[PDB]
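protein36.cif, holding mmCIF, C-alpha atoms:
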data_data
#
loop_
_atom_site.group_PDB
_atom_site.id
_atom_site.type_symbol
_atom_site.label_atom_id
_atom_site.label_comp_id
_atom_site.auth_asym_id
_atom_site.auth_seq_id
_atom_site.Cartn_x
_atom_site.Cartn_y
_atom_site.Cartn_z
ATOM 1 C CA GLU A 1 288.147 -179.095 25.169
ATOM 2 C CA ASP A 2 285.485 -178.603 22.500
ATOM 3 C CA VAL A 3 286.090 -178.257 18.763
ATOM 4 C CA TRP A 4 285.158 -174.573 18.698
ATOM 5 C CA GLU A 5 287.385 -173.965 21.720
ATOM 6 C CA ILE A 6 290.387 -175.828 20.317
ATOM 7 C CA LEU A 7 290.056 -174.355 16.828
ATOM 8 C CA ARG A 8 290.782 -170.941 18.337
ATOM 9 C CA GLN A 9 294.391 -171.874 19.072
ATOM 10 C CA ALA A 10 294.748 -174.870 16.758
ATOM 11 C CA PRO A 11 296.383 -174.708 13.332
ATOM 12 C CA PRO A 12 294.155 -174.815 10.254
ATOM 13 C CA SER A 13 295.782 -178.084 9.198
ATOM 14 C CA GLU A 14 294.462 -179.860 12.287
ATOM 15 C CA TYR A 15 290.936 -178.442 12.143
ATOM 16 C CA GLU A 16 289.731 -181.685 10.567
ATOM 17 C CA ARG A 17 291.617 -183.804 13.099
ATOM 18 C CA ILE A 18 289.947 -181.969 15.978
ATOM 19 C CA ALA A 19 286.477 -181.841 14.428
ATOM 20 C CA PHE A 20 286.433 -185.524 13.496
ATOM 21 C CA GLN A 21 287.668 -186.493 16.960
ATOM 22 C CA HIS A 22 284.503 -185.042 18.483
ATOM 23 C CA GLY A 23 282.238 -186.390 15.744
ATOM 24 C CA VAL A 24 281.888 -183.006 14.046
ATOM 25 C CA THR A 25 281.494 -183.278 10.275
ATOM 26 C CA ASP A 26 280.373 -179.706 9.614
ATOM 27 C CA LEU A 27 283.781 -178.061 9.977
ATOM 28 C CA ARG A 28 282.748 -175.196 7.701
ATOM 29 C CA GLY A 29 279.824 -174.325 9.969
ATOM 30 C CA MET A 30 282.112 -174.642 12.987
ATOM 31 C CA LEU A 31 284.582 -172.258 11.353
ATOM 32 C CA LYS A 32 281.759 -169.820 10.652
ATOM 33 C CA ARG A 33 281.055 -169.960 14.383
ATOM 34 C CA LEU A 34 284.792 -169.652 15.009
ATOM 35 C CA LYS A 35 285.140 -166.363 13.134
#

Same coordinates, now as structure tokens:
Amino acid sequence: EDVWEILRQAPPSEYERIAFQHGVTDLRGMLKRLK
């Protein structure tokens, strides 16, 4: 349900669409936590 959780299975093109939906602006930091 979270951005980190969704990013795992979500396409890279929708990483902004998921992040912004949850009010996450630091996608890069989220993707550092992803990998």

Can you tell me which residues surround residue A:18 at a distance of at most 10 Å, considering only C-alpha atoms, apart from same-chain residues fewer than 2 positions away, and format the answer as a PyMOL selection string? chain A and resi 1-4+6-7+10+13-16+20-24+27

Could you write out the selected residues, including C-alpha atoms, as a short mmCIF file (atom, residue, chain, number, x, y, z; two decimals), keeping the file's coordinate frame?
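To be explicit, this is the file written out as again37.cif:
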data_model
loop_
_atom_site.label_atom_id
_atom_site.label_comp_id
_atom_site.auth_asym_id
_atom_site.auth_seq_id
_atom_site.Cartn_x
_atom_site.Cartn_y
_atom_site.Cartn_z
CA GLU A 1 288.15 -179.10 25.17
CA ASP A 2 285.48 -178.60 22.50
CA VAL A 3 286.09 -178.26 18.76
CA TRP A 4 285.16 -174.57 18.70
CA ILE A 6 290.39 -175.83 20.32
CA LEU A 7 290.06 -174.36 16.83
CA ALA A 10 294.75 -174.87 16.76
CA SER A 13 295.78 -178.08 9.20
CA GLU A 14 294.46 -179.86 12.29
CA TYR A 15 290.94 -178.44 12.14
CA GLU A 16 289.73 -181.68 10.57
CA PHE A 20 286.43 -185.52 13.50
CA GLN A 21 287.67 -186.49 16.96
CA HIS A 22 284.50 -185.04 18.48
CA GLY A 23 282.24 -186.39 15.74
CA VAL A 24 281.89 -183.01 14.05
CA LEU A 27 283.78 -178.06 9.98
#

Hey, could you pull the box centre and edge lengths for stretch 17-31 of chain A, axis-aligned, 3 Å padding per side, all listed atoms, to one decimal in Å, as JSON?
{"center_x": 285.7, "center_y": -179.4, "center_z": 13.1, "size_x": 17.8, "size_y": 20.2, "size_z": 16.8}

The PyMOL selection byres ((chain A and resi 35) around 12) - which residues does that actually catch in the file I just gave you? List them as a ChimeraX atom specification. /A:4-5,7-8,28-34
